[PDB]
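Engineer: Pasting final_3.txt here (compact mmCIF, C-alpha atoms):
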```
# COMPACT_ATOMS: atom_id res chain seq x y z
CA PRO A 1 -73.90 -30.44 -91.20
CA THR A 2 -71.09 -28.42 -89.55
CA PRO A 3 -71.74 -24.71 -90.28
CA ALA A 4 -69.42 -22.66 -92.48
CA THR A 5 -66.44 -20.95 -90.91
CA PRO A 6 -67.16 -17.18 -90.31
CA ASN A 7 -65.89 -14.27 -92.37
CA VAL A 8 -63.46 -12.24 -90.27
CA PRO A 9 -61.07 -9.41 -91.39
CA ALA A 10 -57.55 -10.00 -92.67
CA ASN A 11 -54.53 -9.40 -90.49
CA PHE A 12 -54.35 -5.85 -89.51
CA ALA A 13 -52.51 -3.39 -87.42
CA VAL A 14 -53.05 -0.25 -85.36
CA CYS A 15 -50.76 2.18 -83.52
CA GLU A 16 -50.72 2.38 -79.72
CA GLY A 17 -53.68 4.61 -78.86
CA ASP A 18 -55.91 3.77 -81.81
CA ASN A 19 -59.00 1.54 -81.76
CA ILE A 20 -59.16 -2.18 -82.50
CA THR A 21 -62.42 -3.03 -84.16
CA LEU A 22 -63.44 -6.59 -84.69
CA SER A 23 -66.40 -7.72 -86.69
CA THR A 24 -67.89 -10.49 -88.67
CA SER A 25 -70.13 -10.43 -91.69
CA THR A 26 -71.74 -13.81 -91.10
CA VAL A 27 -75.13 -14.63 -89.58
CA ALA A 28 -75.43 -16.78 -86.41
CA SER A 29 -77.74 -17.45 -83.48
CA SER A 30 -74.80 -16.50 -81.32
CA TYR A 31 -71.21 -15.51 -81.89
CA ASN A 32 -68.23 -16.48 -79.72
CA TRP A 33 -65.09 -14.33 -79.70
CA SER A 34 -62.01 -14.66 -77.53
CA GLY A 35 -58.56 -13.13 -77.37
CA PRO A 36 -55.66 -11.22 -75.80
CA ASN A 37 -55.99 -9.39 -72.52
CA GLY A 38 -59.05 -11.44 -71.64
CA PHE A 39 -61.11 -10.17 -74.53
CA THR A 40 -64.42 -11.89 -75.05
CA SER A 41 -67.69 -11.18 -76.84
CA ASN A 42 -70.92 -12.91 -77.84
CA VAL A 43 -71.95 -10.62 -80.76
CA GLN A 44 -71.15 -9.82 -84.39
CA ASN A 45 -69.87 -6.39 -83.44
CA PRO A 46 -67.88 -6.62 -80.17
CA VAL A 47 -67.18 -3.62 -78.04
CA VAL A 48 -64.28 -1.73 -79.58
CA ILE A 49 -60.98 -1.84 -77.74
CA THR A 50 -60.10 1.79 -77.37
CA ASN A 51 -56.71 3.19 -76.53
CA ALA A 52 -55.25 -0.08 -77.73
CA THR A 53 -51.89 -0.97 -76.27
CA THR A 54 -49.31 -3.68 -76.74
CA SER A 55 -51.14 -6.05 -74.39
CA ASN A 56 -54.02 -6.05 -76.89
CA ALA A 57 -51.87 -7.50 -79.63
CA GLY A 58 -52.29 -11.14 -80.46
CA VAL A 59 -54.69 -13.57 -82.07
CA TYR A 60 -58.44 -12.97 -81.90
CA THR A 61 -60.51 -16.11 -82.51
CA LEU A 62 -64.12 -16.46 -83.69
CA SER A 63 -66.52 -19.40 -83.97
CA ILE A 64 -70.30 -19.22 -84.34
CA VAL A 65 -73.39 -21.21 -83.44
CA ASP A 66 -75.93 -21.66 -86.21
CA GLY A 67 -79.73 -22.08 -86.15
CA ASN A 68 -79.43 -25.84 -85.91
CA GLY A 69 -77.40 -25.55 -82.70
CA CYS A 70 -74.14 -26.64 -84.31
CA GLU A 71 -70.86 -24.82 -83.82
CA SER A 72 -68.71 -23.80 -86.75
CA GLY A 73 -65.04 -24.27 -87.20
CA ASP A 74 -62.61 -21.54 -86.16
CA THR A 75 -61.11 -18.55 -87.89
CA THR A 76 -58.70 -15.94 -86.60
CA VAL A 77 -57.38 -12.44 -87.18
CA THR A 78 -53.94 -11.44 -85.99
CA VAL A 79 -53.86 -7.91 -84.65
CA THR A 80 -50.71 -6.04 -83.83
CA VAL A 81 -50.17 -2.77 -82.02
CA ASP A 82 -47.14 -0.81 -83.19
CA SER A 83 -45.10 1.89 -81.37
CA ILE A 84 -45.34 5.65 -80.98
CA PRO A 85 -42.16 7.73 -81.45
CA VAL A 86 -40.77 9.33 -78.33
CA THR A 87 -42.12 12.83 -77.86
CA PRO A 88 -39.60 14.96 -79.83
CA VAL A 89 -37.88 18.01 -78.43
CA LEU A 90 -37.87 21.22 -80.44
CA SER A 91 -34.91 23.62 -80.12
CA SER A 92 -35.52 27.08 -81.63
CA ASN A 93 -32.88 29.91 -82.13
CA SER A 94 -35.42 32.06 -80.19
CA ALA A 95 -33.90 35.57 -80.02
CA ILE A 96 -33.26 36.51 -83.69
CA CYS A 97 -32.63 39.95 -85.25
CA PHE A 98 -35.15 40.41 -88.04
CA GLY A 99 -33.41 39.34 -91.22
CA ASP A 100 -31.38 36.55 -89.67
CA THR A 101 -32.38 33.02 -90.67
CA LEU A 102 -34.77 31.23 -88.32
CA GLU A 103 -33.53 27.68 -87.70
CA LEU A 104 -35.74 25.12 -85.89
CA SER A 105 -34.37 21.71 -85.16
CA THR A 106 -34.68 18.46 -83.35
CA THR A 107 -32.63 15.49 -82.23
CA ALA A 108 -35.44 13.00 -82.73
CA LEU A 109 -35.17 10.38 -85.42
CA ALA A 110 -38.14 9.95 -87.69
CA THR A 111 -39.26 9.05 -91.19
CA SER A 112 -40.73 12.52 -91.44
CA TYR A 113 -41.13 15.64 -89.33
CA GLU A 114 -44.12 18.02 -89.14
CA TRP A 115 -43.41 21.53 -87.97
CA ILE A 116 -46.28 23.67 -86.74
CA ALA A 117 -46.15 27.44 -87.10
CA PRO A 118 -47.74 29.76 -84.52
CA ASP A 119 -50.53 30.51 -87.02
CA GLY A 120 -51.21 26.80 -87.57
CA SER A 121 -49.36 26.37 -90.88
CA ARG A 122 -47.73 22.91 -91.08
CA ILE A 123 -44.60 22.15 -93.17
CA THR A 124 -43.64 18.49 -93.71
CA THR A 125 -39.95 17.71 -94.15
CA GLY A 126 -37.77 14.54 -94.23
CA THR A 127 -35.08 15.97 -91.96
CA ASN A 128 -34.31 17.41 -88.54
CA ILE A 129 -33.63 20.99 -89.52
CA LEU A 130 -36.15 23.50 -90.81
CA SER A 131 -34.48 26.63 -92.14
CA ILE A 132 -36.81 29.60 -92.63
CA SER A 133 -35.58 32.63 -94.54
CA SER A 134 -36.55 36.14 -93.50
CA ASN A 135 -38.84 36.63 -96.49
CA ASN A 136 -40.77 33.42 -95.90
CA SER A 137 -44.39 33.34 -94.74
CA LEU A 138 -43.27 31.07 -91.90
CA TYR A 139 -40.83 33.54 -90.39
CA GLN A 140 -43.01 33.78 -87.31
CA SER A 141 -42.29 34.63 -83.70
CA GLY A 142 -44.14 32.92 -80.89
CA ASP A 143 -45.02 29.29 -80.08
CA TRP A 144 -43.72 26.49 -82.36
CA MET A 145 -44.39 22.74 -82.12
CA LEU A 146 -43.05 19.50 -83.63
CA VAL A 147 -44.79 16.15 -84.36
CA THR A 148 -42.83 13.21 -85.78
CA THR A 149 -43.81 10.12 -87.77
CA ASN A 150 -42.04 6.73 -87.81
CA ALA A 151 -41.65 3.96 -90.43
CA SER A 152 -45.02 2.40 -89.59
CA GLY A 153 -46.82 5.73 -89.93
CA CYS A 154 -47.28 6.16 -86.14
CA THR A 155 -47.39 9.80 -84.95
CA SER A 156 -45.73 11.10 -81.83
CA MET A 157 -47.20 13.25 -79.21
CA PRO A 158 -46.52 16.91 -80.01
CA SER A 159 -43.38 18.40 -78.55
CA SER A 160 -43.41 20.96 -75.88
CA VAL A 161 -43.65 24.50 -77.11
CA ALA A 162 -40.48 26.12 -78.35
CA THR A 163 -40.49 29.84 -78.51
CA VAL A 164 -39.06 32.09 -81.16
CA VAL A 165 -38.19 35.73 -80.67
CA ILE A 166 -37.70 37.90 -83.71
CA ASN A 167 -36.27 41.24 -82.63
CA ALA A 168 -36.63 44.53 -84.41
CA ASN A 169 -33.63 46.35 -85.80
CA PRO A 170 -33.65 49.87 -84.29
CA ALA A 171 -34.31 52.71 -86.70
CA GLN A 172 -31.56 54.87 -88.07
CA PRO A 173 -31.17 57.41 -85.24
CA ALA A 174 -31.28 61.11 -85.73
CA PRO B 1 -57.22 -40.93 -70.01
CA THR B 2 -55.92 -37.99 -67.92
CA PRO B 3 -55.25 -35.06 -70.31
CA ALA B 4 -51.75 -33.76 -70.95
CA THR B 5 -50.33 -31.10 -68.67
CA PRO B 6 -50.58 -27.59 -70.30
CA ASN B 7 -47.78 -25.62 -71.91
CA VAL B 8 -47.05 -22.55 -69.79
CA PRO B 9 -44.07 -20.09 -70.02
CA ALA B 10 -40.78 -20.59 -68.23
CA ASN B 11 -39.93 -18.67 -65.09
CA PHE B 12 -39.82 -15.06 -65.79
CA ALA B 13 -39.45 -11.70 -64.25
CA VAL B 14 -40.65 -8.12 -64.60
CA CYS B 15 -39.78 -4.82 -62.90
CA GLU B 16 -42.25 -3.06 -60.59
CA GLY B 17 -44.58 -1.18 -62.94
CA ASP B 18 -44.38 -3.50 -65.93
CA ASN B 19 -47.04 -5.98 -67.07
CA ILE B 20 -47.32 -9.65 -66.13
CA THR B 21 -48.74 -11.61 -69.00
CA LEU B 22 -49.76 -15.18 -68.58
CA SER B 23 -50.76 -17.48 -71.36
CA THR B 24 -51.02 -21.02 -72.47
CA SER B 25 -50.62 -22.57 -75.87
CA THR B 26 -52.78 -25.62 -75.22
CA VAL B 27 -56.40 -26.27 -76.22
CA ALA B 28 -59.10 -26.94 -73.58
CA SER B 29 -62.84 -26.70 -73.03
CA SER B 30 -61.98 -24.49 -70.10
CA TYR B 31 -58.83 -23.26 -68.45
CA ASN B 32 -58.28 -22.77 -64.71
CA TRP B 33 -55.64 -20.33 -63.46
CA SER B 34 -54.91 -19.25 -59.90
CA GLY B 35 -52.24 -17.27 -58.11
CA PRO B 36 -50.85 -14.45 -55.97
CA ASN B 37 -52.95 -11.50 -54.89
CA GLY B 38 -56.11 -13.47 -55.56
CA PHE B 39 -55.45 -13.85 -59.25
CA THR B 40 -57.82 -16.13 -61.10
CA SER B 41 -58.87 -16.75 -64.70
CA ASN B 42 -60.85 -19.22 -66.78
CA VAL B 43 -59.24 -18.53 -70.22
CA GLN B 44 -56.11 -19.18 -72.26
CA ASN B 45 -55.21 -15.51 -72.20
CA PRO B 46 -55.98 -14.05 -68.73
CA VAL B 47 -56.36 -10.37 -68.15
CA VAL B 48 -52.90 -8.86 -67.93
CA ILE B 49 -51.76 -7.67 -64.53
CA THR B 50 -50.72 -4.12 -65.17
CA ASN B 51 -48.57 -1.98 -62.94
CA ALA B 52 -47.29 -5.18 -61.39
CA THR B 53 -45.98 -4.84 -57.87
CA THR B 54 -44.29 -7.06 -55.34
CA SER B 55 -47.59 -8.51 -54.14
CA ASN B 56 -48.02 -10.00 -57.64
CA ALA B 57 -44.89 -12.08 -57.31
CA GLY B 58 -45.29 -15.75 -56.64
CA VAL B 59 -46.39 -18.98 -58.27
CA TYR B 60 -49.11 -18.97 -60.92
CA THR B 61 -50.76 -22.36 -61.41
CA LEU B 62 -52.66 -23.74 -64.43
CA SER B 63 -54.73 -26.87 -65.03
CA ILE B 64 -57.20 -27.46 -67.86
CA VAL B 65 -60.38 -29.37 -68.57
CA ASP B 66 -60.46 -31.32 -71.82
CA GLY B 67 -63.33 -32.27 -74.15
CA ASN B 68 -63.94 -35.50 -72.29
CA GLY B 69 -64.55 -33.59 -69.05
CA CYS B 70 -61.31 -34.72 -67.43
CA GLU B 71 -58.94 -32.36 -65.65
CA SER B 72 -55.24 -32.31 -66.45
CA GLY B 73 -52.37 -32.33 -64.08
CA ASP B 74 -50.82 -29.08 -62.90
CA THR B 75 -48.05 -26.86 -64.19
CA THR B 76 -46.69 -23.60 -62.82
CA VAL B 77 -44.73 -20.49 -63.71
CA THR B 78 -42.86 -18.56 -61.07
CA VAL B 79 -43.06 -14.84 -61.60
CA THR B 80 -41.00 -12.32 -59.74
CA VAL B 81 -41.23 -8.55 -59.57
CA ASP B 82 -37.91 -6.79 -59.06
CA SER B 83 -37.16 -3.30 -57.65
CA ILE B 84 -36.93 0.20 -59.09
CA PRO B 85 -33.94 2.38 -58.09
CA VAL B 86 -34.73 5.32 -55.86
CA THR B 87 -35.40 8.44 -57.88
CA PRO B 88 -31.89 9.94 -58.28
CA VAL B 89 -31.03 13.53 -57.49
CA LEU B 90 -29.11 15.59 -60.04
CA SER B 91 -26.76 18.34 -58.82
CA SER B 92 -25.59 20.73 -61.57
CA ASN B 93 -22.84 23.48 -61.25
CA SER B 94 -25.60 25.80 -62.61
CA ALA B 95 -23.98 29.26 -62.91
CA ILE B 96 -20.91 28.70 -65.14
CA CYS B 97 -18.80 31.24 -67.08
CA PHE B 98 -18.69 30.11 -70.69
CA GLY B 99 -15.51 28.12 -71.07
CA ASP B 100 -15.56 26.57 -67.62
CA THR B 101 -16.24 22.84 -67.49
CA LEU B 102 -19.85 21.81 -66.91
CA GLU B 103 -20.00 19.08 -64.25
CA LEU B 104 -23.26 17.18 -63.57
CA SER B 105 -23.35 14.63 -60.83
CA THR B 106 -25.36 12.42 -58.59
CA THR B 107 -25.14 10.54 -55.33
CA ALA B 108 -27.29 7.65 -56.50
CA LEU B 109 -25.76 4.24 -56.94
CA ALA B 110 -26.49 2.44 -60.18
CA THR B 111 -25.12 0.02 -62.74
CA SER B 112 -25.41 2.79 -65.28
CA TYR B 113 -26.55 6.40 -65.50
CA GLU B 114 -28.42 8.14 -68.35
CA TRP B 115 -28.07 11.89 -68.56
CA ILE B 116 -30.59 13.86 -70.58
CA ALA B 117 -29.59 17.11 -72.24
CA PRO B 118 -32.05 20.00 -72.63
CA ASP B 119 -32.28 19.20 -76.37
CA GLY B 120 -33.05 15.54 -75.67
CA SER B 121 -29.59 14.09 -76.31
CA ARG B 122 -28.89 11.16 -73.95
CA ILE B 123 -25.36 10.11 -72.84
CA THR B 124 -24.96 6.76 -71.06
CA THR B 125 -22.12 6.46 -68.55
CA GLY B 126 -21.05 3.93 -65.85
CA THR B 127 -20.36 6.57 -63.21
CA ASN B 128 -21.82 9.39 -61.15
CA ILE B 129 -20.04 12.31 -62.75
CA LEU B 130 -20.56 13.63 -66.26
CA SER B 131 -17.92 16.16 -67.23
CA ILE B 132 -18.75 18.26 -70.29
CA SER B 133 -16.06 20.39 -71.88
CA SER B 134 -16.83 23.81 -73.30
CA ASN B 135 -16.41 22.65 -76.90
CA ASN B 136 -18.77 19.71 -76.52
CA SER B 137 -22.19 19.54 -78.20
CA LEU B 138 -23.67 18.85 -74.77
CA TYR B 139 -22.46 22.08 -73.19
CA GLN B 140 -26.05 23.22 -72.83
CA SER B 141 -27.79 25.58 -70.44
CA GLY B 142 -31.30 24.90 -69.24
CA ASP B 143 -33.11 21.84 -67.86
CA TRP B 144 -31.15 18.60 -67.28
CA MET B 145 -32.46 15.22 -66.06
CA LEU B 146 -31.05 11.90 -64.80
CA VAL B 147 -32.43 8.33 -65.06
CA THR B 148 -30.58 5.41 -63.45
CA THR B 149 -30.51 1.66 -64.09
CA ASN B 150 -29.80 -1.12 -61.56
CA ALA B 151 -28.27 -4.62 -61.81
CA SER B 152 -31.54 -6.20 -62.92
CA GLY B 153 -32.04 -3.65 -65.68
CA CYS B 154 -34.81 -1.77 -63.80
CA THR B 155 -35.04 1.97 -64.61
CA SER B 156 -35.68 4.69 -62.08
CA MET B 157 -38.11 7.46 -62.31
CA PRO B 158 -36.44 10.52 -63.82
CA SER B 159 -34.87 12.95 -61.41
CA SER B 160 -36.22 16.35 -60.80
CA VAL B 161 -34.95 18.98 -63.16
CA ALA B 162 -31.54 20.43 -62.46
CA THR B 163 -30.77 23.70 -64.07
CA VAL B 164 -27.58 24.85 -65.67
CA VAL B 165 -26.63 28.46 -66.25
CA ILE B 166 -23.87 29.23 -68.69
CA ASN B 167 -22.96 32.90 -68.41
CA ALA B 168 -21.45 35.07 -71.09
CA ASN B 169 -18.03 36.61 -70.68
CA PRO B 170 -18.42 40.38 -71.18
CA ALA B 171 -16.80 41.84 -74.27
CA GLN B 172 -13.51 43.65 -74.15
CA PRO B 173 -14.66 47.15 -73.15
CA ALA B 174 -13.76 50.25 -75.02
```
Take the structure I supplied and represent it as structure tokens, if you would.
Structural biologist:
Amino acid sequence: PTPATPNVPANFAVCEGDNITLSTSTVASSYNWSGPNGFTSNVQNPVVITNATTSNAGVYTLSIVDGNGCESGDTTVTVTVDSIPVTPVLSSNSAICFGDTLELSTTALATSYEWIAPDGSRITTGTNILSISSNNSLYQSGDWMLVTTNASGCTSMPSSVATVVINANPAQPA
Amino acid sequence: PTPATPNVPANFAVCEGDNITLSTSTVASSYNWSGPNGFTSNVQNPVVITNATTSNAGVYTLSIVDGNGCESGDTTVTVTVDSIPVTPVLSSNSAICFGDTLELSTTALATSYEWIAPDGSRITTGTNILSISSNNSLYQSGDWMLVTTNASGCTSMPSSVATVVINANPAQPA
């Protein structure tokens, strides 16, 4: 009696750098997995493919051997590995006389942009330009960073550090 | 009945540094691959040859063993590994009085040249010299880089950083 085909996850997808986890919920004397990049395993819970890249995309196939020595039919999961946005570049107005608007911007294209304040505050915007008024809690000098997200929800590496200089206005002289 | 010869990809080609992926779409009890640099594999989807170099160029051969124990005839894919342009050198006019034309150039030969602005903007040209007028959005001071592309579409390593200095014109004195 040919065994039942194994229960394997539905098609999925990860971003370059994340982990591809394969598993089955069925019970067998032995399991037989095969796939892209030479992947192979003889267990229910194969070693996780870390730092997954585009060469790990493809079709992962499983069959099992039951207690009566018979092999089951096949089932597969298609796994894809999407892209990471190009590390964005952050251009700050840097030198700014206190009271002048602080304008942080990029040239990167993205679904959304995450700006990181020197104190760690993060403001999420849909556009390139972040305009910070002088009475805002984000009107901070120091080291600023940008992370961008694409259509698939993949996040970029953080940008290099842009620096902002907010200068004091000299006091009314005697 | 000798099995059918396997389905293997058409001749291809990669640039030095890219990945050589081999595969077959046929079904066998076992697969037998052999090739350049000592390459060997016994699966449909052999481990990918990463950072491919010129020693990986050559003829990759596949035969398979079917369920009746018979071996198939042979089929091959020829794989070549092309060249990478020599890392180009970028010479910038550096010190420039605002209003003077900014002229970035190289000595490298290429099919096309990609110039990278300090803010990340990239302008693609067919020649050595990029001439940026003073009213252009690219008239930027700071760190500039060049990447070149050859006839086969191979991209160079980025050049070292050239620096540009745009100087201010002093104000009309009292």
Engineer: Give the answer as one residue: which of A:128, A:76, A:152, A:34 has the shortest atom-to-atom distance to chain B, using all atoms listed in the file?
Structural biologist: A:34
Engineer: List every residue of chain A that has an atom at most 9 Å from any atom of chain B, giving for each one its closest atom pair and the distance in Å to one decimal, counting all atoms listed in the file, sorted by chain and then by ascending residue number, as a tab-separated table.
Structural biologist:
```
residue	atom	partner	partner_atom	distance
A:34	CA	B:45	CA	8.7
A:35	CA	B:45	CA	6.6
A:36	CA	B:45	CA	5.6
A:37	CA	B:47	CA	4.5
A:38	CA	B:47	CA	4.5
A:39	CA	B:47	CA	8.0
A:55	CA	B:48	CA	7.3
A:88	CA	B:120	CA	7.8
A:89	CA	B:119	CA	6.1
A:90	CA	B:119	CA	7.2
A:91	CA	B:119	CA	6.4
A:106	CA	B:119	CA	7.4
A:107	CA	B:120	CA	6.6
A:108	CA	B:120	CA	7.9
```
Engineer: Take the residues from that selection and write them out as an mmCIF file, keeping the file's coordinate frame, keeping C-alpha atoms.
Structural biologist:
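Full text of again.cif as output:
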```cif
data_model
loop_
_atom_site.group_PDB
_atom_site.id
_atom_site.type_symbol
_atom_site.label_atom_id
_atom_site.label_comp_id
_atom_site.auth_asym_id
_atom_site.auth_seq_id
_atom_site.Cartn_x
_atom_site.Cartn_y
_atom_site.Cartn_z
ATOM 1 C CA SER A 34 -62.010 -14.660 -77.530
ATOM 2 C CA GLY A 35 -58.560 -13.130 -77.370
ATOM 3 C CA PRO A 36 -55.660 -11.220 -75.800
ATOM 4 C CA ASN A 37 -55.990 -9.390 -72.520
ATOM 5 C CA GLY A 38 -59.050 -11.440 -71.640
ATOM 6 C CA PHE A 39 -61.110 -10.170 -74.530
ATOM 7 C CA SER A 55 -51.140 -6.050 -74.390
ATOM 8 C CA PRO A 88 -39.600 14.960 -79.830
ATOM 9 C CA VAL A 89 -37.880 18.010 -78.430
ATOM 10 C CA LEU A 90 -37.870 21.220 -80.440
ATOM 11 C CA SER A 91 -34.910 23.620 -80.120
ATOM 12 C CA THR A 106 -34.680 18.460 -83.350
ATOM 13 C CA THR A 107 -32.630 15.490 -82.230
ATOM 14 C CA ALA A 108 -35.440 13.000 -82.730
#
```
Engineer: Check which residues of range 139-164 of chain A sit at most 9 Å from range 4-17 of chain A using all atoms listed in the file, and return one row each with the closest pair of atoms and their distance in Å to one decimal, ordered by chain and rising number, as JSON lines.
Structural biologist:
```
{"residue": "A:152", "atom": "CA", "partner": "A:15", "partner_atom": "CA", "distance": 8.4}
{"residue": "A:153", "atom": "CA", "partner": "A:15", "partner_atom": "CA", "distance": 8.3}
{"residue": "A:154", "atom": "CA", "partner": "A:15", "partner_atom": "CA", "distance": 5.9}
{"residue": "A:155", "atom": "CA", "partner": "A:15", "partner_atom": "CA", "distance": 8.5}
```
Engineer: Could you give me, as a ChimeraX atom specification, the residues that have an atom at most 9 Å away from the point (-30.2, 43.9, -83.6) in the coordinates of the file, using only C-alpha atoms?
Structural biologist: /A:96-98,167-170
Engineer: Given only C-alpha atoms as the basis, pick out the residue of B:84, B:145, B:66, B:3 nearest to residue 18 in chain B.
Structural biologist: B:84
Engineer: Go through B:82, B:31, B:131, B:58 and flag the residue nearest residue 101 in chain B, using only C-alpha atoms for the distances.
Structural biologist: B:131
Engineer: Pick the closest to residue 149 in chain A from A:112, A:136, A:124, A:94: which is it, counting all atoms listed in the file?
Structural biologist: A:112
Engineer: Between A:60, A:115, A:139, A:33, which has the minimum distance to residue 100 in chain A (counting all atoms listed in the file)?
Structural biologist: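 The answer is A:139, which sits nearest to residue 100 in chain A.
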Engineer: Rounded to one decimal place, report the CA of residue 138 in chain B-CA of residue 116 in chain A distance in Å.
Structural biologist: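 Separation of CA of residue 138 in chain B and CA of residue 116 in chain A: 26.0 Å.
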Engineer: So how far away is CA of residue 30 in chain A from CA of residue 29 in chain B, in Å?
Structural biologist: 17.8 Å
Engineer: Grab the CA of residue 1 in chain B to CA of residue 78 in chain B distance for me, in Å with one decimal place.
Structural biologist: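 Between CA of residue 1 in chain B and CA of residue 78 in chain B the gap works out to 28.0 Å.
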Engineer: Using all atoms listed in the file, which of B:83, B:63, B:111, B:137 sits nearest residue 150 in chain B?
Structural biologist: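 Residue with the minimum atom-to-atom distance to residue 150 in chain B: B:111.
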Engineer: May I have the residues within 7 Å of residue 164 in chain B as a ChimeraX atom specification, using only C-alpha atoms and disregarding those fewer than 5 positions away in the same chain?
Structural biologist: /B:92-95,141-143
Engineer: Could you add the missing atoms to range 140-159 of chain A, up to N, CA and C atoms, and return them as a PDB file, in the frame of the given file?
Structural biologist:
```pdb
ATOM      1  N   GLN A 140     -42.104  33.375 -88.366  1.00  0.00           N
ATOM      2  CA  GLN A 140     -43.010  33.780 -87.310  1.00  0.00           C
ATOM      3  C   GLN A 140     -42.391  33.664 -85.926  1.00  0.00           C
ATOM      4  N   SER A 141     -42.657  34.646 -85.095  1.00  0.00           N
ATOM      5  CA  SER A 141     -42.290  34.630 -83.700  1.00  0.00           C
ATOM      6  C   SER A 141     -43.369  33.905 -82.922  1.00  0.00           C
ATOM      7  N   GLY A 142     -43.112  33.582 -81.667  1.00  0.00           N
ATOM      8  CA  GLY A 142     -44.140  32.920 -80.890  1.00  0.00           C
ATOM      9  C   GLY A 142     -43.943  31.425 -80.699  1.00  0.00           C
ATOM     10  N   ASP A 143     -45.029  30.688 -80.526  1.00  0.00           N
ATOM     11  CA  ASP A 143     -45.020  29.290 -80.080  1.00  0.00           C
ATOM     12  C   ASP A 143     -44.984  28.260 -81.209  1.00  0.00           C
ATOM     13  N   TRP A 144     -43.894  27.511 -81.330  1.00  0.00           N
ATOM     14  CA  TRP A 144     -43.720  26.490 -82.360  1.00  0.00           C
ATOM     15  C   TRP A 144     -43.790  25.078 -81.794  1.00  0.00           C
ATOM     16  N   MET A 145     -44.300  24.124 -82.572  1.00  0.00           N
ATOM     17  CA  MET A 145     -44.390  22.740 -82.120  1.00  0.00           C
ATOM     18  C   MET A 145     -43.961  21.728 -83.175  1.00  0.00           C
ATOM     19  N   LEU A 146     -43.464  20.575 -82.737  1.00  0.00           N
ATOM     20  CA  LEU A 146     -43.050  19.500 -83.630  1.00  0.00           C
ATOM     21  C   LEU A 146     -43.754  18.170 -83.347  1.00  0.00           C
ATOM     22  N   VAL A 147     -44.212  17.497 -84.401  1.00  0.00           N
ATOM     23  CA  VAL A 147     -44.790  16.150 -84.360  1.00  0.00           C
ATOM     24  C   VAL A 147     -43.996  15.260 -85.300  1.00  0.00           C
ATOM     25  N   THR A 148     -43.615  14.060 -84.881  1.00  0.00           N
ATOM     26  CA  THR A 148     -42.830  13.210 -85.780  1.00  0.00           C
ATOM     27  C   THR A 148     -43.551  11.924 -86.140  1.00  0.00           C
ATOM     28  N   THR A 149     -43.206  11.356 -87.292  1.00  0.00           N
ATOM     29  CA  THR A 149     -43.810  10.120 -87.770  1.00  0.00           C
ATOM     30  C   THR A 149     -42.756   9.044 -88.050  1.00  0.00           C
ATOM     31  N   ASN A 150     -42.987   7.815 -87.579  1.00  0.00           N
ATOM     32  CA  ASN A 150     -42.040   6.730 -87.810  1.00  0.00           C
ATOM     33  C   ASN A 150     -42.349   5.882 -89.052  1.00  0.00           C
ATOM     34  N   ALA A 151     -41.571   4.810 -89.237  1.00  0.00           N
ATOM     35  CA  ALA A 151     -41.650   3.960 -90.430  1.00  0.00           C
ATOM     36  C   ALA A 151     -43.012   3.321 -90.617  1.00  0.00           C
ATOM     37  N   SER A 152     -43.710   3.032 -89.531  1.00  0.00           N
ATOM     38  CA  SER A 152     -45.020   2.400 -89.590  1.00  0.00           C
ATOM     39  C   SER A 152     -46.139   3.411 -89.754  1.00  0.00           C
ATOM     40  N   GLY A 153     -45.820   4.696 -89.789  1.00  0.00           N
ATOM     41  CA  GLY A 153     -46.820   5.730 -89.930  1.00  0.00           C
ATOM     42  C   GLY A 153     -47.461   6.166 -88.637  1.00  0.00           C
ATOM     43  N   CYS A 154     -46.801   5.830 -87.512  1.00  0.00           N
ATOM     44  CA  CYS A 154     -47.280   6.160 -86.140  1.00  0.00           C
ATOM     45  C   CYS A 154     -46.885   7.608 -85.798  1.00  0.00           C
ATOM     46  N   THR A 155     -47.797   8.453 -85.275  1.00  0.00           N
ATOM     47  CA  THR A 155     -47.390   9.800 -84.950  1.00  0.00           C
ATOM     48  C   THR A 155     -47.160   9.987 -83.473  1.00  0.00           C
ATOM     49  N   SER A 156     -46.147  10.779 -83.165  1.00  0.00           N
ATOM     50  CA  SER A 156     -45.730  11.100 -81.830  1.00  0.00           C
ATOM     51  C   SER A 156     -46.663  12.062 -81.170  1.00  0.00           C
ATOM     52  N   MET A 157     -46.511  12.189 -79.877  1.00  0.00           N
ATOM     53  CA  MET A 157     -47.200  13.250 -79.210  1.00  0.00           C
ATOM     54  C   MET A 157     -46.472  14.512 -79.642  1.00  0.00           C
ATOM     55  N   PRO A 158     -47.161  15.637 -79.722  1.00  0.00           N
ATOM     56  CA  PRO A 158     -46.520  16.910 -80.010  1.00  0.00           C
ATOM     57  C   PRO A 158     -45.518  17.275 -78.944  1.00  0.00           C
ATOM     58  N   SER A 159     -44.453  17.917 -79.389  1.00  0.00           N
ATOM     59  CA  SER A 159     -43.380  18.400 -78.550  1.00  0.00           C
ATOM     60  C   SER A 159     -43.888  19.483 -77.666  1.00  0.00           C
TER      61      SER A 159
END
```
